Protein chains: 4
Amino acid sequence: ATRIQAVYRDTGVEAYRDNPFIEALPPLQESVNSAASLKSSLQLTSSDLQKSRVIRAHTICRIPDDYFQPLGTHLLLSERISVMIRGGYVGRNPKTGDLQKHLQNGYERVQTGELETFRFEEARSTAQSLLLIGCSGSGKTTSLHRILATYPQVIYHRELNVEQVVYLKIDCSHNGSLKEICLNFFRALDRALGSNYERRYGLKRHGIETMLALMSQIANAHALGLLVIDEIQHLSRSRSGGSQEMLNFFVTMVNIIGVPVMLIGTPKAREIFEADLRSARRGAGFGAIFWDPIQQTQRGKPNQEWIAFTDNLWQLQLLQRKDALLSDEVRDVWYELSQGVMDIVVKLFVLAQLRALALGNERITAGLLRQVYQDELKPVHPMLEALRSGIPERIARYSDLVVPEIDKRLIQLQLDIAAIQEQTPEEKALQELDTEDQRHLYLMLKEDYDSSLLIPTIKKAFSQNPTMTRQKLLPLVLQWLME
Amino acid sequence: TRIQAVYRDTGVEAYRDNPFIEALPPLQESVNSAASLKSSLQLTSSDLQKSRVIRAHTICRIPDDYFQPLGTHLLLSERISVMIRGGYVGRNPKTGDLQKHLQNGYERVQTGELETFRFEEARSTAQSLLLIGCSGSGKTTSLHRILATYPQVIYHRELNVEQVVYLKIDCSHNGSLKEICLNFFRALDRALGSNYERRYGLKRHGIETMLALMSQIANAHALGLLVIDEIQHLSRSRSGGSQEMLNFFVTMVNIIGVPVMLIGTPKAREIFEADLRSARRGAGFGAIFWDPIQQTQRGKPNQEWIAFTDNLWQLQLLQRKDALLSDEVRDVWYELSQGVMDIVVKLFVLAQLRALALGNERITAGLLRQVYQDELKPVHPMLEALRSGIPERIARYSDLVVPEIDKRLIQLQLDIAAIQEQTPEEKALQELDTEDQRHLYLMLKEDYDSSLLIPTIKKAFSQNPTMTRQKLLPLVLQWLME
Amino acid sequence: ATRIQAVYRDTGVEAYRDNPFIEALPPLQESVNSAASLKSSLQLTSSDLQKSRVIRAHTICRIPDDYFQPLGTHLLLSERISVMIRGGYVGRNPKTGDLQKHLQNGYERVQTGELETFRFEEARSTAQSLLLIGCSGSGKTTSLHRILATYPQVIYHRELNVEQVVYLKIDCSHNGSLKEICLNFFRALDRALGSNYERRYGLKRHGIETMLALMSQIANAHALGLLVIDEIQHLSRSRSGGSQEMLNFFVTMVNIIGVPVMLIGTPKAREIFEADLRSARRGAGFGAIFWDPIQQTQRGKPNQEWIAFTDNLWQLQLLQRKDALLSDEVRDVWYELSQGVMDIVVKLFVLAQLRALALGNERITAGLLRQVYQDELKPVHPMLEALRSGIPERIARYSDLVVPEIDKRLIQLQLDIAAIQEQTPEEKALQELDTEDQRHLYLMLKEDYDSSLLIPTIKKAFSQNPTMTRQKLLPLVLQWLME
Amino acid sequence: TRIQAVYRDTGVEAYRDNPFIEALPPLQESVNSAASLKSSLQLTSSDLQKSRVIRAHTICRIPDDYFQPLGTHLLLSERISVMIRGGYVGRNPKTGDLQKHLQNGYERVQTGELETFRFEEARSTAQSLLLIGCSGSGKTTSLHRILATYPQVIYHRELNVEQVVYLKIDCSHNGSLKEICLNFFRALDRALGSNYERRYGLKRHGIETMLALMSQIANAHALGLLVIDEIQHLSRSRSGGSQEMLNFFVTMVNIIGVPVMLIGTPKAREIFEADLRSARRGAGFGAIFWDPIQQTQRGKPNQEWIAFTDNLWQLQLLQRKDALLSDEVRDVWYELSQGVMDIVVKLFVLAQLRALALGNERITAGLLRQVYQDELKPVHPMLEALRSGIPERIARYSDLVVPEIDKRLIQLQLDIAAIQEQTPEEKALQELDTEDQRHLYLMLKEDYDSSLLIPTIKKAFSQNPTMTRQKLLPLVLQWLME
Ligand SMILES: Nc1ncnc2c1ncn2[C@@H]1O[C@H](COP(=O)(O)OP(=O)(O)O)[C@@H](O)[C@H]1O
Ligand SMILES: Nc1ncnc2c1ncn2[C@@H]1O[C@H](COP(=O)(O)OP(=O)(O)O)[C@@H](O)[C@H]1O
Ligand SMILES: Nc1ncnc2c1ncn2[C@@H]1O[C@H](COP(=O)(O)OP(=O)(O)O)[C@@H](O)[C@H]1O
Ligand SMILES: Nc1ncnc2c1ncn2[C@@H]1O[C@H](COP(=O)(O)OP(=O)(O)O)[C@@H](O)[C@H]1O
Ligand SMILES: [Mg+2]
Ligand SMILES: [Mg+2]
Ligand SMILES: [Mg+2]
Ligand SMILES: [Mg+2]
């Protein structure tokens, strides 16, 4: 409930002027670069690399939750959501009379008076329902959260008495029911504002059509902008009924409420929406946007998106014996291991580096990734192979597997790794030099020259000179390597 | 669309006192009938300087909001107005009480004073029309915009009837009569608020029962016009017989009045009208035939083509655009698109999108040829047939359409957003040809800002042809210091 | 649409203290005189007598609409409806919390603390749903139409953007249906509010439950005072469905909406609700105020109501040969002629003057009333004798009977009055005499003797002194006559 | 009425950790619970001057708001509380996972370590109470207020259950079993929001099937009590005979727990208890016999009657009233009403209304005798049997009820409303008695105002009696000009 006083900006577009619902929203000019400025990545330094192994493991355990790199389609989705929100208030101007009054006074103007022609049906071209479809585990939900967290949920109005709910979310659970969607809407609406609509209308006595009609009444009462329905895949097909009647329910849901609606679903939901999507008849709506995994070869050349993302992710590792450069084959092996799917790309790193922290040397190679895939990605094999196969039915039918119990596995492996006593060559050198952490400089020195000469000579140098500047150490240690 | 009715007089003799006709918009000449359909986009001058994604979206919005009234729409508008206003004469609701007049005439004819009388006359005002034209010539967006002037639902206070002016049905994908019959109900229950589909559209009823049952609903609401489009699909299917389906379309006369308009590709005409009793009912009010625009009328350039192309060209969104359209661009446009209406605009839209993608920011004939060779693969035989000039061969290739064209428009928008990503840092960050010094430059990034450090390693290999790397690591700092 | 800004009077009763909805209503301190001020009547003078017979016919035809004399039951109905209207807003207090918050707070206080006892009885609806059963032709509809129109319909508030609809009127028609009442409520709300609720809520697709569900929402949104369903007698039982399920439907209407509701009917409709009426159960409610015709006698003496109405109605006669005093024989006869039913008593007197203006002498006789009775009370012969019988079944069977189309018959009475040739001697006397305010003396003293000498004597005096007031004229015309 | 649940500890050991008991209002001692029930009208100090109708309405409202506790109510409250909070120990929803405990007990019994173990405990029968007393003694008004403290629908959020604490069933006049069975569903889906009647109470099932479905429905929701009122209509009606009437109430053991309560008139005892297996189920938790109060207790006056009458006496609303009650009026009440509590308040209300009607404006013995002899006729045999005291004679007439009392009250209200008022100018018309007076009045209105007109008319007759109207006029006008 981020209630703010309704401050009225001025919109350059003449169509959106004078509506208390549109000008209360954030301005368009400052939000142009906000979509591309939404990137968030962990700031790492050799200080964090210096810490103990268990602290490093804890730090690298939280990679898949605080990392985000925007892609090309991530801006198209933002633009579509913005135009969907700001194109759906032209009909609900509170100060000006409703649409029917406009139609009636226009029709009396054309009869006698002076008005040559009137266009009665004004097409709702700017705003339409969207039927987001993409393979499970591609990044649909998190991108939606980070796009939609920019708009404040509640903007209270004082001159009028209306509560403006800019957006809303509905989340379906496992094997849910049709009435459970309406109950989820009621619960989320009560959560957002503080109302008690469940007490008044949440009784199971009424039918589903009553829920729909009362939902329309509530959505007309409050200024409602967007209605997002999430994870259509989880709806059970047994107790629900026919796919035809589920499609009829969704079509009726789109029309009755009167505000734009956004649906998210698996490619198996395309089977449900086969009938309504084939038809090109106007008024059906349901424009489709296809999320796809990152492709490599476009115009015969490797893509820039994958290279940039791979470098930016590879910069986020904490290993003593890593390799700075990235080989073409090293990239390729886990490319065809992962097939480009977004969710398992970070999973492969967060499993492989963690496993290498206990298997031995702290380096990444093709064999390590192959072993990790073969011994820790057991369920997701057929979908990953079918994506290479390319048969649309094979891809569609065997999707929607989510390889559960990942975080528990990460914590169990973390505690297993923490249960250890074996030494490593470099920690006794760290404790040998000092606890003052001049190992920050030692790392810049040790990679090029043998430690058996540096450690005594840097100890003598630090005895005669209490602490050399980090810039000035390398020339003088060069002098001792030159003597 | 519940528009209340207010009456206005009409000068026509036969429509003097009729509560259905007088509630419609007044009669208009050809000055405005073929001029009110015009629409165009705004494109203020301040919209040229914006992000590339917004411009791509605005370009993609073009084909839905552009309509140029040609020299043919006036005839269609006049025919539609005449057919709508000429089917209400036989269904006058406000009738002077005929009981007393009929009885008085009855006594006068029984006593011998009056030798003749007209007691009652049935309805004889059912006429149809067919409209066929080549695919992509715009037979549907030239009908929605014409019929968007008349409001659908009119409610009268004096009586208790609702006037459904027009209703549009589309044929299914496989082709049979029963889905048309049930889709009439499925398209009727949406304009009003009702539940006709579940109450009447049951499986027990046969086809003849549905046809005899449509009349009661078509008389309860004063239906004016019923347009059936995409009649193409019913040429050959599991309909039970071509002659049986033709018998259906001719026994659709028993529906009360309601003049109907049929729309189909030129493949429908020869197969579908091959008998006198059905041919005379298809062209009951003239069969309007359409054709693509011709470049040369009689050796003189047509003003229609010039005006349409110039008005389309004045709707361009590029940073580097030439204001005037050179003759070669128009000539190449007509050579590629070949005249059909739908391919004239698709070439322009795709050319603009691919010019945005390539970064040329200019439209040229070579780019149009490239797009026509690239994306319009399935339609080529139809264009070559129109180039040939053989009427039968053109009739054979007359139902070719681009598949998943809306899908391709999205895939061209995705590439736009990727290339726009460009930041000031990688004027020095994005070059890997400097050296492999980036192995150690990672620590050098935090040491100082690379005001000259990136040029320092850049000047390192320029100054030094070859040197051992292990000596370069401190000597780069020597170059950094000096 | 009397959108007056709410002026908040103060009422000394503790229950109505500081309620924004209640205070906007008119005050009740001298409403007894206001309730007794409903009386309305035409103004008639002696001038209208000398007009032509068509003008008198129009004047007589104007009497039924603009005559109203309050009786005993009107005061009781006014006070009861005032109690129902004003007691209906103690629950929906806008400034403080609603009912559910009060019950929850009471439960939380009785749980622990020292609030020993809390009563959960709450309000049954908010006032009893009165059922005003009475015989047709008694005058219910006009009584409500006048005593319910002294309250402004809409009180448009200022700080709260809500409309305080104070009363409403549903009305069924011949051969109605169960869903027709639900549709008509929505349709009639538009005329009171000016909106288009029928477009969004009046779809025929909705079931009977959804109509009531939406009615609950809209009745809670707009502060509603009353809901007067009228003419249940017109409904047909078999067309709607099960007759015994109508009582279930009406109980569901009373329970869900929550605002006070008052039905109207005839003893034919009583058998629908008789199951709840016989039981003294609290919660069934449906208290009945029985409407009965005027009784002639009280304690072995004529009832004062009958004579009080009779004299007042008898003062409106403008007969030319009329005597000042009403004779006792006709007083005895028309009660048994009409059984005291309120509607037809006035109708007999209306038709008597029209019949006497054409049949001959201008007076009132028992035979004239008998002749009118056989003329224009043919459809109501069975019900009148059923009332005479006194058996409840005979009265119940013959209820709902009304005379059709009396107004059209009045027009043909007037047309027949228009076409006549011969004239009365008094018509000759008024025509030949200069009847410009000189007529009054002649009329007031015409019946003393023959007017043959009177016609020139008044002229002699008037020409003797043209300038006189009638006040001084009367002694002189009286003095010259006796000579 | 969906009150959310907040728990509280209970001192009783057996009600340890069971939400159903602990979600209810806490225990109170009898005197407090039997003293918190009293209520009375406001009786504002200065509301003794008003219109007659408003005061008449206030007096008519008296019977619905006057309640006064007595001795038996505390015992009734204790029994009701014990029944409601003693039938919930068998059903404790909060149970730990009993699979492991039961299987471990089975293992230790099987291996020979243990010797005995109680696996599953099943409930047996149910408690029941019957409350019988002569009609009009307050067996329903004293039950709609004792049960008012307990909330009806408690909602558990941690679980998903609704606790329907109490439910009131009333048999109809027919007395058939299926009416009771369907009325249970009516009351239950009136308490909650549901449609149980259509889902279960169809015509298809027989009596045994609904009787068995009541158990499932009363275990799905946690019932606490079930009171059946007016059982006297099941004595000898068309319910299949007294044998099946006994068998149905005996077979009502199969309903799970839910201690039932039976209320009836003293005649129902003989019909309802004639077999040993049914009487011990009727009086399973006592058998309290109500009886009207008496003036004396043991050679001395009873204080409860004194308190009841004295407290009732102040509540009257009259212009001039004797606040200090005279003992003669109390003796008159005990002579007429004889003790039954229904008649005591009705006599007072009717006497007050008739006192306002007559204008005597005082409550005295004569008015009480007149109203008792006029109105309360049918109740006479019961009172005359009460005077004698013979058990068979009093048992013969313990079912009589006065009808049409509400209609009589409404007609009395109309009578006192129709008093109206007489202005002095209007009264002047009534002053004129001879018909000639009124005739001369009617002729002589227009010229003269009535105030001066009536006196000179009256002296005209007081001076000269036998002299005619036309001869009267000159002398009247002679008086008038002067
Ligand atoms: N563009 C992205 N950049 C970085 N991480 C991403 C991106 N998209 C998805 N992820 C990662 O994928 C993980 C799971 O994605 P999720 O939203 O669950 O997809 P889905 O809902 O389809 O399973 C997230 O923890 C997130 O870190
Ligand atoms: N006069 C016109 N100007 C510009 N575009 C037009 C015109 N007429 C039709 N179109 C284009 O044609 C398309 C519609 O073609 P349509 O009528 O569906 O073909 P078909 O009748 O073969 O189905 C629209 O997208 C519209 O852009
Ligand atoms: N005080 C009165 N004076 C004259 N007419 C009355 C009076 N009260 C009622 N009426 C008559 O009652 C009639 C309307 O009541 P009625 O038709 O019985 O109601 P409903 O239509 O509900 O049966 C009117 O025609 C009116 O003449
Ligand atoms: N404690 C009481 N004090 C005063 N009046 C009472 C009391 N109990 C009952 N009454 C009166 O009894 C009437 C209801 O009687 P009821 O209980 O229905 O009789 P029964 O139990 O025979 O059906 C009420 O009008 C009420 O005034
Ligand atoms: Mg998801
Ligand atoms: Mg088409
Ligand atoms: Mg009526
Ligand atoms: Mg009782």
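Shown for chain C, in order and in Swiss-Prot numbering: 3-485.
Recorded method is electron microscopy, 3.8 Å.
The backbone N, Cα and C atoms fix where each Cβ goes, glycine too.
DNA-binding region is the annotation Swiss-Prot gives to one range among C:368-387, C:388-407, C:408-427, and that range is C:388-407. Under 8 Å from some Cβ of the DNA-binding region (C:388-407) lie the Cβ atoms of residues 137-139, 235, 268-270, 272, 295, 338, 341, 343, 346, 349, 378-379, 381-382, all in the same chain and six or more residues away from its ends. Listed in chain order, the extra residues whose Cβ falls within 8 Å of the Cβ center of the ATP site residues C:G136, C:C137, C:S138, C:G139, C:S140, C:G141, C:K142, C:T143 are C:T268, C:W293, C:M344, C:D345.
The least crowded of the binding-site residues C:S138, C:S140, C:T143, judged by other CB atoms within 10 A of its own CB, is C:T143. Within the set of binding-site residues C:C137, C:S138, C:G139, C:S140, C:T143, C:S138, C:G139, C:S140, C:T143 have a CB atom less than 6 Å from some atom of ligand 3. In terms of DSSP helix, strand and coil, the DNA-binding region (C:388-407) has 10 helix, 0 strand, 10 coil. Across the binding-site residues listed here (C:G139, C:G141), the residue whose Cβ sits among the most other Cβ atoms within 10 Å is C:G139. Of all Cβ atoms in the shown protein chains, 25 besides its own fall within 10 Å of the Cβ of C:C137 (ATP binding site). C:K142 (ATP binding site) counts 21 other C-beta atoms within 10 Å of its own C-beta, drawing on all protein chains shown.
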